[PDB]
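Undergrad: File follows, entry-v6.cif with mmCIF, C-alpha atoms and all ligand atoms:
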```cif
data_model
#
loop_
_atom_site.label_atom_id
_atom_site.label_comp_id
_atom_site.auth_asym_id
_atom_site.auth_seq_id
_atom_site.Cartn_x
_atom_site.Cartn_y
_atom_site.Cartn_z
CA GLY A 1 0.00 0.00 0.00
CA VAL A 2 1.11 3.55 0.74
CA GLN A 3 2.30 4.85 4.08
CA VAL A 4 2.22 8.60 4.66
CA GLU A 5 4.55 10.10 7.29
CA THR A 6 4.33 13.79 8.10
CA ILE A 7 7.36 16.02 7.66
CA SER A 8 5.86 19.53 8.04
CA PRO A 9 2.24 20.36 8.91
CA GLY A 10 -0.59 21.37 6.66
CA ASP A 11 -3.84 22.99 7.80
CA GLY A 12 -5.22 19.67 9.08
CA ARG A 13 -8.56 20.35 7.42
CA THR A 14 -8.39 20.83 3.63
CA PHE A 15 -7.86 17.54 1.83
CA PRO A 16 -7.88 16.75 -1.91
CA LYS A 17 -11.31 15.84 -3.30
CA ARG A 18 -12.19 13.79 -6.36
CA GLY A 19 -11.96 15.88 -9.52
CA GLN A 20 -9.79 18.65 -8.05
CA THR A 21 -6.52 19.62 -9.67
CA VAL A 22 -3.87 18.80 -7.10
CA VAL A 23 -0.71 20.95 -7.17
CA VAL A 24 2.45 19.60 -5.55
CA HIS A 25 6.20 19.67 -5.46
CA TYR A 26 7.90 16.30 -5.18
CA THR A 27 11.09 14.34 -5.27
CA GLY A 28 10.99 10.64 -6.12
CA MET A 29 13.53 8.12 -4.84
CA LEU A 30 14.09 4.40 -5.05
CA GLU A 31 13.87 2.64 -1.71
CA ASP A 32 17.57 3.21 -1.05
CA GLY A 33 17.21 6.98 -1.54
CA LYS A 34 18.52 7.19 -5.16
CA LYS A 35 16.68 10.18 -6.62
CA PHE A 36 15.15 9.62 -10.04
CA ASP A 37 12.92 12.66 -10.56
CA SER A 38 12.04 16.02 -9.00
CA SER A 39 9.64 18.80 -9.83
CA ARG A 40 11.75 21.01 -7.57
CA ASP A 41 14.79 20.68 -9.83
CA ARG A 42 12.58 21.68 -12.80
CA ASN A 43 11.11 24.57 -10.79
CA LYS A 44 7.70 23.48 -12.17
CA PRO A 45 4.83 22.59 -9.83
CA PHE A 46 3.31 19.25 -10.75
CA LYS A 47 -0.44 18.94 -11.29
CA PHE A 48 -2.74 15.95 -11.51
CA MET A 49 -6.48 15.43 -11.19
CA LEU A 50 -7.59 13.37 -8.18
CA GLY A 51 -9.40 10.25 -9.20
CA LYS A 52 -8.34 10.26 -12.87
CA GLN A 53 -5.77 7.50 -12.27
CA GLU A 54 -3.22 9.43 -14.32
CA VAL A 55 -0.69 8.87 -11.51
CA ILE A 56 0.12 5.69 -9.59
CA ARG A 57 -2.25 4.35 -6.95
CA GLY A 58 0.07 5.26 -4.10
CA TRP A 59 -0.15 8.89 -5.20
CA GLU A 60 -3.94 8.84 -5.57
CA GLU A 61 -4.34 7.52 -2.07
CA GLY A 62 -1.24 9.01 -0.46
CA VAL A 63 -1.58 12.61 -1.58
CA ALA A 64 -5.31 12.50 -0.82
CA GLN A 65 -4.48 11.94 2.84
CA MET A 66 -2.39 15.11 3.05
CA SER A 67 -3.82 18.49 3.99
CA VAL A 68 -3.00 21.69 2.10
CA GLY A 69 0.46 22.97 2.99
CA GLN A 70 1.66 19.63 4.34
CA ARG A 71 4.98 18.05 3.43
CA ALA A 72 5.04 14.26 3.82
CA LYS A 73 6.95 11.13 2.93
CA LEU A 74 5.02 8.55 0.88
CA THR A 75 6.42 4.99 0.93
CA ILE A 76 4.75 3.02 -1.86
CA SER A 77 4.87 -0.74 -2.41
CA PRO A 78 5.35 -2.03 -5.98
CA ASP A 79 1.71 -3.03 -6.32
CA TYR A 80 0.72 0.62 -5.63
CA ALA A 81 3.41 1.85 -8.07
CA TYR A 82 4.80 0.15 -11.22
CA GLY A 83 4.55 -3.47 -10.19
CA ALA A 84 6.64 -6.33 -11.48
CA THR A 85 7.45 -4.68 -14.81
CA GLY A 86 8.46 -1.27 -13.49
CA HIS A 87 9.14 1.38 -16.12
CA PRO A 88 12.33 0.29 -17.93
CA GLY A 89 15.18 2.75 -17.77
CA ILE A 90 14.01 4.55 -14.62
CA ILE A 91 11.83 2.34 -12.33
CA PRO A 92 13.33 -1.18 -11.88
CA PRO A 93 11.30 -4.37 -11.35
CA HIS A 94 9.29 -4.71 -8.15
CA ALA A 95 10.44 -1.31 -6.86
CA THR A 96 9.34 0.24 -3.58
CA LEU A 97 9.25 4.03 -4.09
CA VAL A 98 9.76 6.89 -1.65
CA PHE A 99 8.40 10.33 -2.42
CA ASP A 100 8.91 13.60 -0.55
CA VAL A 101 5.74 15.56 -1.45
CA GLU A 102 4.50 19.04 -0.55
CA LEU A 103 0.80 19.72 -1.20
CA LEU A 104 0.81 23.31 -2.43
CA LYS A 105 -2.74 24.05 -3.58
CA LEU A 106 -6.04 22.63 -4.80
CA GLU A 107 -7.67 24.12 -7.89
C1 LIG B 201 6.72 11.81 -14.84
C2 LIG B 201 5.79 12.26 -13.99
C3 LIG B 201 4.94 11.35 -13.09
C4 LIG B 201 4.69 10.01 -13.73
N1 LIG B 201 3.56 9.25 -13.10
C5 LIG B 201 2.49 8.85 -14.02
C6 LIG B 201 3.03 8.13 -15.21
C7 LIG B 201 2.63 8.47 -16.51
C8 LIG B 201 3.12 7.77 -17.59
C9 LIG B 201 3.99 6.72 -17.35
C10 LIG B 201 4.37 6.43 -16.06
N2 LIG B 201 3.89 7.12 -14.99
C11 LIG B 201 3.47 8.89 -11.80
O1 LIG B 201 2.43 8.33 -11.39
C12 LIG B 201 4.52 9.16 -10.79
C13 LIG B 201 3.96 10.02 -9.63
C14 LIG B 201 3.76 11.46 -10.10
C15 LIG B 201 5.07 12.04 -10.60
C16 LIG B 201 5.69 11.22 -11.69
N3 LIG B 201 5.75 9.78 -11.34
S1 LIG B 201 7.20 9.14 -10.86
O2 LIG B 201 7.99 10.16 -10.13
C17 LIG B 201 7.99 9.00 -12.45
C18 LIG B 201 8.88 9.98 -12.90
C19 LIG B 201 9.47 9.81 -14.17
CL1 LIG B 201 10.53 11.02 -14.76
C20 LIG B 201 9.16 8.72 -14.94
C21 LIG B 201 8.29 7.79 -14.46
CL2 LIG B 201 7.95 6.40 -15.44
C22 LIG B 201 7.70 7.89 -13.23
CL CL B 202 -4.42 17.87 -14.28
CL CL B 203 -1.80 15.94 -15.25
CL CL B 204 -6.69 15.39 -15.81
CL CL B 205 14.72 0.08 -14.95
CL CL B 206 6.07 -9.50 -2.78
CL CL B 207 8.69 -5.48 -1.79
#
```
Kindly present the structure from the file in structure tokens form.
Ligand SMILES: C=C[C@H]1CN(Cc2ccccn2)C(=O)[C@@H]2CCC[C@H]1N2[S@](=O)c1cc(Cl)cc(Cl)c1
Ligand SMILES: [Cl-]
Ligand SMILES: [Cl-]
Ligand SMILES: [Cl-]
Ligand SMILES: [Cl-]
Ligand SMILES: [Cl-]
Ligand SMILES: [Cl-]
TA:
Amino acid sequence: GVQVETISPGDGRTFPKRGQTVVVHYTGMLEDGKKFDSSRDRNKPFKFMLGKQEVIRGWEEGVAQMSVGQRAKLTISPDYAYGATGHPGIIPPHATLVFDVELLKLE
């Protein structure tokens, strides 16, 4: 599944809702901490629509349990990420993923 561990607090009250555009910054790491992607390095907030399944399951469920302004660590099992196959060239087989996510805004 996905485990969400708080890093810095949000408002404790405003959570993503189905159909909202969710705006975050993130860094993605393999289980051992090897960074593979970051919106921060691009200086480009990342947006996805909750419930559209355009991001992995661990994001759908993990970011939805964050409140606006929160920074949190999401630890995502392979079955909530890219599974047995992974995504060749960046996500290896059966990879547990760790994301450092900040929920910036809902629009
Ligand atoms: C590249 C941006 C997305 C990619 N997706 C959705 C996705 C779309 C198409 C193929 C694989 N995954 C995702 O669900 C997750 C979580 C949101 C942030 C990024 N990823 S991962 O960090 C990721 C980052 C990169 Cl550069 C490539 C891939 Cl295959 C996966
Ligand atoms: Cl979107
Ligand atoms: Cl999107
Ligand atoms: Cl969308
Ligand atoms: Cl790979
Ligand atoms: Cl297993
Ligand atoms: Cl595992």
Undergrad: Just give me the gap between CA of residue 47 (chain A) and CA of residue 70 (chain A) in Å, one decimal is fine.
TA: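 CA of residue 70 (chain A) lies at a distance of 15.8 Å from CA of residue 47 (chain A).
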Undergrad: Write out as a Markdown table a residue-level contact list of chain A versus ligand CL 203 (chain B) with cut-off 7 Å: for each qualifying residue the closest pair of atoms and the distance in Å to one decimal, counting all atoms listed in the file, rows sorted by chain and residue number upward.
TA:
```
| residue | atom | partner | partner_atom | distance |
| --- | --- | --- | --- | --- |
| A:47 | CA | B:CL203 | CL | 5.2 |
| A:48 | CA | B:CL203 | CL | 3.9 |
| A:49 | CA | B:CL203 | CL | 6.2 |
| A:54 | CA | B:CL203 | CL | 6.7 |
```
Undergrad: Can you tell me, as a PyMOL selection string, what residues are no more than 12 Å from residue 42 (chain A) when counting only C-alpha atoms, ignoring any on the same chain fewer than 5 positions away?
TA: chain A and resi 25-27+37
Undergrad: Take the residues that were just selected and, keeping C-alpha atoms, output them as an mmCIF file, in the coordinates of the input.
TA:
```cif
data_model
loop_
_atom_site.group_PDB
_atom_site.id
_atom_site.type_symbol
_atom_site.label_atom_id
_atom_site.label_comp_id
_atom_site.auth_asym_id
_atom_site.auth_seq_id
_atom_site.Cartn_x
_atom_site.Cartn_y
_atom_site.Cartn_z
ATOM 1 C CA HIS A 25 6.200 19.670 -5.460
ATOM 2 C CA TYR A 26 7.900 16.300 -5.180
ATOM 3 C CA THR A 27 11.090 14.340 -5.270
ATOM 4 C CA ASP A 37 12.920 12.660 -10.560
#
```
Undergrad: Would you please work out which residue, of A:101, A:4, A:65, A:107, is nearest to ligand CL 204 (chain B) when using all atoms listed in the file?
TA: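 Comparing A:101, A:4, A:65, A:107 against ligand CL 204 (chain B), the winner is A:107.
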Undergrad: Mind giving me the straight-line distance from CA of residue 29 (chain A) to CA of residue 99 (chain A) in Å, one decimal?
TA: 6.1 Å
Undergrad: Can you tell me which residues sit at most 12 Å away from ligand CL 204 (chain B), counting all atoms listed in the file, written as a list in words?
TA: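 Taking all atoms listed in the file into account, the residues around ligand CL 204 (chain B) at most 12 Å away are residues 18, 19, 20, 21, 22, 23, 46, 47, 48, 49, 50, 51, 52, 53, 54, 55 and 107 of chain A.
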Undergrad: Taking all atoms listed in the file into account, which residues are within 7 Å of ligand LIG 201 (chain B), as a list in words?
TA: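 Residues lying within 7 Å of ligand LIG 201 (chain B): residues 28, 36, 37, 54, 55, 56, 59, 87, 90 and 91 of chain A.
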Undergrad: The selected residues should be written to file as an mmCIF file, in the coordinates of the input (atoms: C-alpha atoms).
TA:
```cif
data_model
loop_
_atom_site.group_PDB
_atom_site.id
_atom_site.type_symbol
_atom_site.label_atom_id
_atom_site.label_comp_id
_atom_site.auth_asym_id
_atom_site.auth_seq_id
_atom_site.Cartn_x
_atom_site.Cartn_y
_atom_site.Cartn_z
ATOM 1 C CA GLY A 28 10.990 10.640 -6.120
ATOM 2 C CA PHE A 36 15.150 9.620 -10.040
ATOM 3 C CA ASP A 37 12.920 12.660 -10.560
ATOM 4 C CA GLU A 54 -3.220 9.430 -14.320
ATOM 5 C CA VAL A 55 -0.690 8.870 -11.510
ATOM 6 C CA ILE A 56 0.120 5.690 -9.590
ATOM 7 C CA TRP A 59 -0.150 8.890 -5.200
ATOM 8 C CA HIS A 87 9.140 1.380 -16.120
ATOM 9 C CA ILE A 90 14.010 4.550 -14.620
ATOM 10 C CA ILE A 91 11.830 2.340 -12.330
#
```
Undergrad: Pick out the residues no farther than 8 Å from ligand CL 207 (chain B), counting only C-alpha atoms and all ligand atoms, and list them as an MDAnalysis selection string.
TA: chainID A and resid 77:78 94:96
Undergrad: Of the residues A:75, A:39, A:67, A:85, which is the one nearest to residue 10 (chain A), using all atoms listed in the file?
TA: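 Using all atoms listed in the file, residue 10 (chain A) sits closest to A:67.
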Undergrad: Would you pull region 41-54 of chain A out of the block just shown and save N, CA, C and O atoms as a PDB file, in the first residue's frame?
TA:
```pdb
ATOM      1  N   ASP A  41      13.636  20.427  -8.990  1.00  0.00           N
ATOM      2  CA  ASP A  41      14.787  20.684  -9.833  1.00  0.00           C
ATOM      3  C   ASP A  41      14.373  21.368 -11.133  1.00  0.00           C
ATOM      4  O   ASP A  41      15.131  22.147 -11.696  1.00  0.00           O
ATOM      5  N   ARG A  42      13.168  21.072 -11.619  1.00  0.00           N
ATOM      6  CA  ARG A  42      12.584  21.685 -12.802  1.00  0.00           C
ATOM      7  C   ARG A  42      11.976  23.058 -12.519  1.00  0.00           C
ATOM      8  O   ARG A  42      11.644  23.782 -13.445  1.00  0.00           O
ATOM      9  N   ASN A  43      11.807  23.387 -11.239  1.00  0.00           N
ATOM     10  CA  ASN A  43      11.108  24.570 -10.789  1.00  0.00           C
ATOM     11  C   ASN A  43       9.737  24.649 -11.460  1.00  0.00           C
ATOM     12  O   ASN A  43       9.344  25.728 -11.889  1.00  0.00           O
ATOM     13  N   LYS A  44       9.006  23.525 -11.529  1.00  0.00           N
ATOM     14  CA  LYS A  44       7.705  23.476 -12.173  1.00  0.00           C
ATOM     15  C   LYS A  44       6.757  22.698 -11.304  1.00  0.00           C
ATOM     16  O   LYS A  44       6.904  21.459 -11.190  1.00  0.00           O
ATOM     17  N   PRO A  45       5.810  23.347 -10.578  1.00  0.00           N
ATOM     18  CA  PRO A  45       4.833  22.587  -9.827  1.00  0.00           C
ATOM     19  C   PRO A  45       4.176  21.524 -10.711  1.00  0.00           C
ATOM     20  O   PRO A  45       3.877  21.731 -11.894  1.00  0.00           O
ATOM     21  N   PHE A  46       3.910  20.392 -10.091  1.00  0.00           N
ATOM     22  CA  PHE A  46       3.311  19.251 -10.752  1.00  0.00           C
ATOM     23  C   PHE A  46       1.823  19.188 -10.427  1.00  0.00           C
ATOM     24  O   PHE A  46       1.436  19.295  -9.266  1.00  0.00           O
ATOM     25  N   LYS A  47       0.993  18.986 -11.449  1.00  0.00           N
ATOM     26  CA  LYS A  47      -0.443  18.943 -11.293  1.00  0.00           C
ATOM     27  C   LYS A  47      -1.015  17.634 -11.807  1.00  0.00           C
ATOM     28  O   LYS A  47      -0.648  17.161 -12.884  1.00  0.00           O
ATOM     29  N   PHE A  48      -1.986  17.100 -11.065  1.00  0.00           N
ATOM     30  CA  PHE A  48      -2.741  15.950 -11.510  1.00  0.00           C
ATOM     31  C   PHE A  48      -4.151  16.065 -10.969  1.00  0.00           C
ATOM     32  O   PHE A  48      -4.387  16.752  -9.970  1.00  0.00           O
ATOM     33  N   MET A  49      -5.094  15.348 -11.575  1.00  0.00           N
ATOM     34  CA  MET A  49      -6.483  15.426 -11.186  1.00  0.00           C
ATOM     35  C   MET A  49      -6.837  14.215 -10.341  1.00  0.00           C
ATOM     36  O   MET A  49      -6.696  13.072 -10.763  1.00  0.00           O
ATOM     37  N   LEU A  50      -7.316  14.461  -9.114  1.00  0.00           N
ATOM     38  CA  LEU A  50      -7.588  13.369  -8.183  1.00  0.00           C
ATOM     39  C   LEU A  50      -8.684  12.492  -8.750  1.00  0.00           C
ATOM     40  O   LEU A  50      -9.755  12.981  -9.144  1.00  0.00           O
ATOM     41  N   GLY A  51      -8.425  11.202  -8.742  1.00  0.00           N
ATOM     42  CA  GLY A  51      -9.402  10.246  -9.204  1.00  0.00           C
ATOM     43  C   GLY A  51      -9.313   9.856 -10.675  1.00  0.00           C
ATOM     44  O   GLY A  51      -9.955   8.899 -11.108  1.00  0.00           O
ATOM     45  N   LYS A  52      -8.486  10.558 -11.454  1.00  0.00           N
ATOM     46  CA  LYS A  52      -8.340  10.262 -12.873  1.00  0.00           C
ATOM     47  C   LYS A  52      -7.433   9.060 -13.132  1.00  0.00           C
ATOM     48  O   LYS A  52      -7.393   8.541 -14.245  1.00  0.00           O
ATOM     49  N   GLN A  53      -6.686   8.623 -12.121  1.00  0.00           N
ATOM     50  CA  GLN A  53      -5.774   7.505 -12.272  1.00  0.00           C
ATOM     51  C   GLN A  53      -4.731   7.800 -13.339  1.00  0.00           C
ATOM     52  O   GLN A  53      -4.231   6.898 -14.003  1.00  0.00           O
ATOM     53  N   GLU A  54      -4.310   9.066 -13.419  1.00  0.00           N
ATOM     54  CA  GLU A  54      -3.223   9.432 -14.316  1.00  0.00           C
ATOM     55  C   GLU A  54      -1.862   9.376 -13.624  1.00  0.00           C
ATOM     56  O   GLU A  54      -0.837   9.547 -14.277  1.00  0.00           O
TER      57      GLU A  54
END
```
